[PDB]
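Below is one structure, written out as structure tokens; the observations come after it.
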Amino acid sequence: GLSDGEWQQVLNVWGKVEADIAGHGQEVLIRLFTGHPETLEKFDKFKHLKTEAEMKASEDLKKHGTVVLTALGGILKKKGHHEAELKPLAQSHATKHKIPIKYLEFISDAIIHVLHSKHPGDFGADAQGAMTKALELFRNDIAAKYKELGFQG
Ligand code: HEM
């Protein structure tokens, strides 16, 4: 898992997100969708977004960004003790949303990108390391639930 020091770094980085949850959430989803257009197709409510301009102008995309990062933030604040928070998310994403674990990898990478993009020079190597570990733990615990369900895609 993560050390106490690493968790402190994660939650310190997260303070950046919490100052503008909607903006971070929007940029994370836009990074995901533009980098990996197939991911948009999992969202019936975002499929109509034909351009990045349309994505940026979508209030509902911003809203969903807030939902996503709020959920992730609740999980991170548990510092690994997140079974109750994570299980339902893993299960909805496998069974209802049909989200391959690959897409969770994509969004994890998108979060790292967005943190650097929004805070260039202020997302240090230690912070990137700690946040990466936290996102890997998140993804890996989801992956375990996916295997339980026999879910691939
Ligand atoms: C940081 C990782 C993610 C978090 C924390 C997250 C969180 C959430 C939450 C809280 C919801 C609403 C409740 C629910 O249905 O369980 C949701 C819905 C959904 N998620 Fe995710 N999600 C993540 C990654 C992804 C990815 C990578 C995709 C697709 C590429 C995805 C696809 C969806 C879809 C299609 C819905 C239903 C949206 C709707 O039409 O309302 N999620 N997600």
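Going through the structure tokens in order, the chains are called A, B, and so on, while each chain numbers its residues from 1 and the ligands are numbered from 1 in the order shown.
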Selection within 8 Å of ligand 1 by only C-alpha atoms and all ligand atoms, output as a ChimeraX atom specification: /A:32-33,38-40,42-45,64,67-73,88-93,96-101,103-108
Requested write-out: N, CA and C atoms of the selected residues, as a CSV table (one decimal), in the first residue's frame:
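Saved result, selection-v3.csv, follows:
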chain,number,residue,atom,x,y,z
A,32,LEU,N,-9.7,12.4,-21.3
A,32,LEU,CA,-10.1,11.0,-21.5
A,32,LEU,C,-10.8,10.9,-22.9
A,33,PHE,N,-11.8,11.7,-23.2
A,33,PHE,CA,-12.6,11.6,-24.4
A,33,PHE,C,-11.8,12.0,-25.6
A,38,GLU,N,-13.2,6.2,-28.1
A,38,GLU,CA,-14.0,5.1,-27.8
A,38,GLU,C,-14.7,5.2,-26.4
A,39,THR,N,-14.0,6.0,-25.5
A,39,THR,CA,-14.6,6.1,-24.2
A,39,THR,C,-15.9,6.9,-24.2
A,40,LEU,N,-16.0,7.9,-25.1
A,40,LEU,CA,-17.2,8.7,-25.2
A,40,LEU,C,-18.4,7.8,-25.5
A,42,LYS,N,-19.2,5.0,-24.3
A,42,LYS,CA,-19.8,4.4,-23.2
A,42,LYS,C,-20.8,5.3,-22.5
A,43,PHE,N,-20.7,6.6,-22.9
A,43,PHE,CA,-21.6,7.6,-22.3
A,43,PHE,C,-22.7,8.0,-23.3
A,44,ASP,N,-23.9,7.4,-23.2
A,44,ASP,CA,-25.0,7.8,-24.1
A,44,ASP,C,-25.2,9.3,-24.0
A,45,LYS,N,-25.0,9.9,-22.8
A,45,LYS,CA,-25.3,11.3,-22.6
A,45,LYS,C,-24.2,12.2,-23.1
A,64,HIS,N,-20.9,16.0,-14.5
A,64,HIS,CA,-20.4,14.6,-14.3
A,64,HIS,C,-19.0,14.6,-13.8
A,67,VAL,N,-19.1,14.8,-10.2
A,67,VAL,CA,-19.6,13.6,-9.6
A,67,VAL,C,-18.4,12.6,-9.5
A,68,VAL,N,-17.7,12.5,-10.6
A,68,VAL,CA,-16.6,11.6,-10.7
A,68,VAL,C,-15.5,11.9,-9.7
A,69,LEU,N,-15.0,13.2,-9.7
A,69,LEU,CA,-13.9,13.5,-8.8
A,69,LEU,C,-14.4,13.5,-7.3
A,70,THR,N,-15.6,13.8,-7.1
A,70,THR,CA,-16.1,13.8,-5.7
A,70,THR,C,-16.1,12.3,-5.2
A,71,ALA,N,-16.5,11.4,-6.0
A,71,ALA,CA,-16.4,10.0,-5.7
A,71,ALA,C,-15.0,9.5,-5.4
A,72,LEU,N,-14.1,9.9,-6.4
A,72,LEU,CA,-12.7,9.5,-6.2
A,72,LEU,C,-12.1,10.1,-5.0
A,73,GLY,N,-12.4,11.4,-4.7
A,73,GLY,CA,-11.9,12.0,-3.5
A,73,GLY,C,-12.4,11.4,-2.2
A,88,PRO,N,-19.2,-0.8,-4.7
A,88,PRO,CA,-20.3,-0.4,-5.6
A,88,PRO,C,-19.9,0.3,-6.9
A,89,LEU,N,-18.9,1.1,-6.9
A,89,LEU,CA,-18.4,1.7,-8.1
A,89,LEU,C,-17.8,0.7,-9.0
A,90,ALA,N,-17.1,-0.2,-8.5
A,90,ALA,CA,-16.5,-1.3,-9.4
A,90,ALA,C,-17.7,-2.1,-10.0
A,91,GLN,N,-18.7,-2.4,-9.2
A,91,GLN,CA,-19.8,-3.2,-9.7
A,91,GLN,C,-20.7,-2.4,-10.7
A,92,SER,N,-20.9,-1.1,-10.5
A,92,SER,CA,-21.7,-0.4,-11.4
A,92,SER,C,-21.0,-0.2,-12.7
A,93,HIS,N,-19.7,0.0,-12.6
A,93,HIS,CA,-18.9,0.2,-13.8
A,93,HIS,C,-18.7,-1.1,-14.7
A,96,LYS,N,-23.2,-2.3,-15.1
A,96,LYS,CA,-24.1,-1.4,-15.8
A,96,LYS,C,-23.4,-0.7,-16.9
A,97,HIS,N,-22.3,-0.1,-16.6
A,97,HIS,CA,-21.7,0.8,-17.6
A,97,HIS,C,-20.7,0.1,-18.6
A,98,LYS,N,-20.3,-1.1,-18.2
A,98,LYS,CA,-19.5,-2.0,-19.1
A,98,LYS,C,-18.2,-1.3,-19.4
A,99,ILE,N,-17.5,-0.8,-18.4
A,99,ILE,CA,-16.2,-0.1,-18.6
A,99,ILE,C,-15.0,-1.0,-18.4
A,100,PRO,N,-14.3,-1.3,-19.5
A,100,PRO,CA,-13.1,-2.1,-19.3
A,100,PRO,C,-12.1,-1.4,-18.4
A,101,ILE,N,-11.3,-2.3,-17.7
A,101,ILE,CA,-10.3,-1.7,-16.8
A,101,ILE,C,-9.3,-0.8,-17.5
A,103,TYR,N,-10.0,1.4,-19.6
A,103,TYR,CA,-10.5,2.8,-19.5
A,103,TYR,C,-10.2,3.5,-18.2
A,104,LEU,N,-10.1,2.7,-17.1
A,104,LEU,CA,-9.7,3.2,-15.8
A,104,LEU,C,-8.3,3.6,-15.8
A,105,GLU,N,-7.5,2.8,-16.6
A,105,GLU,CA,-6.1,3.2,-16.8
A,105,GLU,C,-6.0,4.5,-17.5
A,106,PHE,N,-6.8,4.6,-18.6
A,106,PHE,CA,-6.8,5.9,-19.3
A,106,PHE,C,-7.2,7.1,-18.4
A,107,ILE,N,-8.2,6.9,-17.6
A,107,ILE,CA,-8.6,8.1,-16.8
A,107,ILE,C,-7.6,8.4,-15.7
A,108,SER,N,-6.9,7.3,-15.2
A,108,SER,CA,-5.9,7.5,-14.2
A,108,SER,C,-4.8,8.4,-14.8
If you run DSSP on this backbone, which residues of region 68-109 of chain A come out as helix (DSSP H, G or I), and could you give them as an mmCIF file with N, CA and C atoms, in the first residue's frame?
data_model
loop_
_atom_site.group_PDB
_atom_site.id
_atom_site.type_symbol
_atom_site.label_atom_id
_atom_site.label_comp_id
_atom_site.auth_asym_id
_atom_site.auth_seq_id
_atom_site.Cartn_x
_atom_site.Cartn_y
_atom_site.Cartn_z
ATOM 1 N N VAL A 68 -17.663 12.516 -10.626
ATOM 2 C CA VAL A 68 -16.562 11.570 -10.710
ATOM 3 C C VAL A 68 -15.480 11.908 -9.692
ATOM 4 N N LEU A 69 -15.023 13.154 -9.685
ATOM 5 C CA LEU A 69 -13.933 13.495 -8.778
ATOM 6 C C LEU A 69 -14.360 13.506 -7.322
ATOM 7 N N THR A 70 -15.621 13.831 -7.057
ATOM 8 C CA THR A 70 -16.102 13.755 -5.680
ATOM 9 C C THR A 70 -16.053 12.318 -5.189
ATOM 10 N N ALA A 71 -16.454 11.388 -6.047
ATOM 11 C CA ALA A 71 -16.426 9.978 -5.665
ATOM 12 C C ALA A 71 -14.982 9.538 -5.440
ATOM 13 N N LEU A 72 -14.103 9.900 -6.370
ATOM 14 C CA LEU A 72 -12.705 9.512 -6.240
ATOM 15 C C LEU A 72 -12.093 10.117 -4.978
ATOM 16 N N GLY A 73 -12.428 11.374 -4.707
ATOM 17 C CA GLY A 73 -11.926 12.039 -3.515
ATOM 18 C C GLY A 73 -12.361 11.358 -2.235
ATOM 19 N N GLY A 74 -13.610 10.900 -2.189
ATOM 20 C CA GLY A 74 -14.100 10.186 -1.012
ATOM 21 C C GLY A 74 -13.291 8.925 -0.818
ATOM 22 N N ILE A 75 -12.987 8.255 -1.925
ATOM 23 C CA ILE A 75 -12.195 7.036 -1.860
ATOM 24 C C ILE A 75 -10.779 7.351 -1.359
ATOM 25 N N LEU A 76 -10.139 8.368 -1.938
ATOM 26 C CA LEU A 76 -8.770 8.700 -1.541
ATOM 27 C C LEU A 76 -8.666 9.066 -0.065
ATOM 28 N N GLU A 83 -13.115 -0.255 0.879
ATOM 29 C CA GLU A 83 -13.931 -1.335 0.340
ATOM 30 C C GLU A 83 -15.390 -0.922 0.128
ATOM 31 N N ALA A 84 -16.000 -0.300 1.134
ATOM 32 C CA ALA A 84 -17.419 0.055 1.055
ATOM 33 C C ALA A 84 -17.676 1.070 -0.061
ATOM 34 N N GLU A 85 -16.724 1.976 -0.251
ATOM 35 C CA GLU A 85 -16.860 3.040 -1.242
ATOM 36 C C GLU A 85 -16.559 2.514 -2.637
ATOM 37 N N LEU A 86 -15.595 1.606 -2.725
ATOM 38 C CA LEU A 86 -15.093 1.170 -4.010
ATOM 39 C C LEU A 86 -15.930 0.052 -4.625
ATOM 40 N N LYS A 87 -16.359 -0.908 -3.812
ATOM 41 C CA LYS A 87 -17.090 -2.050 -4.348
ATOM 42 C C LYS A 87 -18.281 -1.668 -5.237
ATOM 43 N N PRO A 88 -19.178 -0.797 -4.749
ATOM 44 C CA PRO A 88 -20.334 -0.400 -5.565
ATOM 45 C C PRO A 88 -19.946 0.276 -6.877
ATOM 46 N N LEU A 89 -18.878 1.061 -6.855
ATOM 47 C CA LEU A 89 -18.384 1.726 -8.051
ATOM 48 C C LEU A 89 -17.846 0.691 -9.042
ATOM 49 N N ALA A 90 -17.059 -0.243 -8.532
ATOM 50 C CA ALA A 90 -16.536 -1.293 -9.387
ATOM 51 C C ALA A 90 -17.697 -2.056 -10.001
ATOM 52 N N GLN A 91 -18.703 -2.354 -9.195
ATOM 53 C CA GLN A 91 -19.791 -3.166 -9.697
ATOM 54 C C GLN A 91 -20.673 -2.414 -10.695
ATOM 55 N N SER A 92 -20.938 -1.134 -10.451
ATOM 56 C CA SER A 92 -21.739 -0.404 -11.428
ATOM 57 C C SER A 92 -20.971 -0.242 -12.727
ATOM 58 N N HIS A 93 -19.668 -0.010 -12.625
ATOM 59 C CA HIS A 93 -18.886 0.194 -13.826
ATOM 60 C C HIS A 93 -18.702 -1.070 -14.651
ATOM 61 N N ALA A 94 -18.667 -2.228 -13.996
ATOM 62 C CA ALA A 94 -18.584 -3.486 -14.717
ATOM 63 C C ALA A 94 -19.947 -3.879 -15.277
ATOM 64 N N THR A 95 -20.952 -3.905 -14.413
ATOM 65 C CA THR A 95 -22.207 -4.525 -14.784
ATOM 66 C C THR A 95 -23.160 -3.595 -15.524
ATOM 67 N N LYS A 96 -23.222 -2.338 -15.111
ATOM 68 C CA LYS A 96 -24.135 -1.411 -15.766
ATOM 69 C C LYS A 96 -23.448 -0.670 -16.904
ATOM 70 N N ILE A 101 -11.336 -2.253 -17.713
ATOM 71 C CA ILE A 101 -10.335 -1.725 -16.795
ATOM 72 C C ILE A 101 -9.349 -0.823 -17.540
ATOM 73 N N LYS A 102 -9.129 -1.108 -18.822
ATOM 74 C CA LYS A 102 -8.281 -0.260 -19.658
ATOM 75 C C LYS A 102 -8.724 1.195 -19.587
ATOM 76 N N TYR A 103 -10.029 1.426 -19.563
ATOM 77 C CA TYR A 103 -10.502 2.803 -19.519
ATOM 78 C C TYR A 103 -10.206 3.459 -18.178
ATOM 79 N N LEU A 104 -10.125 2.660 -17.112
ATOM 80 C CA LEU A 104 -9.748 3.183 -15.798
ATOM 81 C C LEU A 104 -8.272 3.557 -15.806
ATOM 82 N N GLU A 105 -7.484 2.802 -16.565
ATOM 83 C CA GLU A 105 -6.099 3.156 -16.765
ATOM 84 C C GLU A 105 -6.044 4.500 -17.494
ATOM 85 N N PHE A 106 -6.837 4.644 -18.553
ATOM 86 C CA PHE A 106 -6.836 5.887 -19.316
ATOM 87 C C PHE A 106 -7.175 7.066 -18.407
ATOM 88 N N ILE A 107 -8.186 6.918 -17.559
ATOM 89 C CA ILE A 107 -8.612 8.074 -16.779
ATOM 90 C C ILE A 107 -7.600 8.378 -15.683
ATOM 91 N N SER A 108 -6.934 7.340 -15.177
ATOM 92 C CA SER A 108 -5.867 7.532 -14.189
ATOM 93 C C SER A 108 -4.751 8.374 -14.798
ATOM 94 N N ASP A 109 -4.339 7.999 -16.005
ATOM 95 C CA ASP A 109 -3.321 8.750 -16.713
ATOM 96 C C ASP A 109 -3.798 10.174 -16.986
#
Region 2-4 of chain A environment, 12 Å, only C-alpha atoms, sequence neighbours closer than 5 positions dropped, as a ChimeraX atom specification: /A:9-11,76,78-81,129-138
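Between CA of residue 24 (chain A) and CA of residue 47 (chain A) lies a distance of 20.7 Å.
Taking only C-alpha atoms, the non-local environment of residue 119 (chain A) within 12 Å (same-chain residues fewer than 2 positions away omitted) comprises residues 13, 14, 15, 16, 17, 24, 111, 112, 113, 114, 115, 116, 117, 121, 122, 123, 124, 127 and 128 of chain A.
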With C-alpha atoms kept, could you save the residues just selected as a JSON list (two decimals), in the first residue's frame?
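Saved result, out-v3.json, follows:
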[["chain", "number", "residue", "atom", "x", "y", "z"],
["A", 13, "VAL", "CA", -2.33, 17.18, -4.10],
["A", 14, "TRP", "CA", -6.04, 16.60, -3.73],
["A", 15, "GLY", "CA", -6.43, 20.03, -2.12],
["A", 16, "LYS", "CA", -5.65, 21.41, -5.58],
["A", 17, "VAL", "CA", -8.53, 19.45, -7.03],
["A", 24, "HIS", "CA", -10.49, 19.55, -12.78],
["A", 111, "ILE", "CA", -5.70, 12.76, -13.94],
["A", 112, "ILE", "CA", -1.90, 12.88, -13.83],
["A", 113, "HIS", "CA", -1.86, 14.84, -17.06],
["A", 114, "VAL", "CA", -4.44, 17.33, -15.85],
["A", 115, "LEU", "CA", -2.62, 17.92, -12.58],
["A", 116, "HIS", "CA", 0.54, 18.85, -14.48],
["A", 117, "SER", "CA", -1.42, 20.91, -16.98],
["A", 121, "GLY", "CA", 5.92, 23.10, -11.81],
["A", 122, "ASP", "CA", 3.72, 22.59, -8.77],
["A", 123, "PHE", "CA", 3.11, 18.86, -9.05],
["A", 124, "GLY", "CA", 6.44, 17.51, -7.84],
["A", 127, "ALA", "CA", 3.57, 14.08, -5.47],
["A", 128, "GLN", "CA", 3.28, 12.39, -8.84]]
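For the pair CA of residue 152 (chain A) and CA of residue 140 (chain A), the separation is 13.8 Å.
Comparing the minimum interatomic distances between residue 25 (chain A) and each of A:82, A:118, A:145, A:50, counting only C-alpha atoms, we find that A:118 sits nearest.
Distance-wise, CA of residue 110 (chain A) and CA of residue 51 (chain A) end up 18.2 Å apart.
Nearest-residue note for residue 12 (chain A): choosing from A:141, A:148, A:126, A:52, the minimum distance belongs to A:126, counting only C-alpha atoms.
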Residue among A:53, A:125, A:150, A:58 lying closest to residue 6 (chain A), counting only C-alpha atoms: A:125
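For the set A:139, A:151, A:63, A:146, the residue with the smallest atom-to-atom gap to residue 27 (chain A) is A:63, counting only C-alpha atoms.
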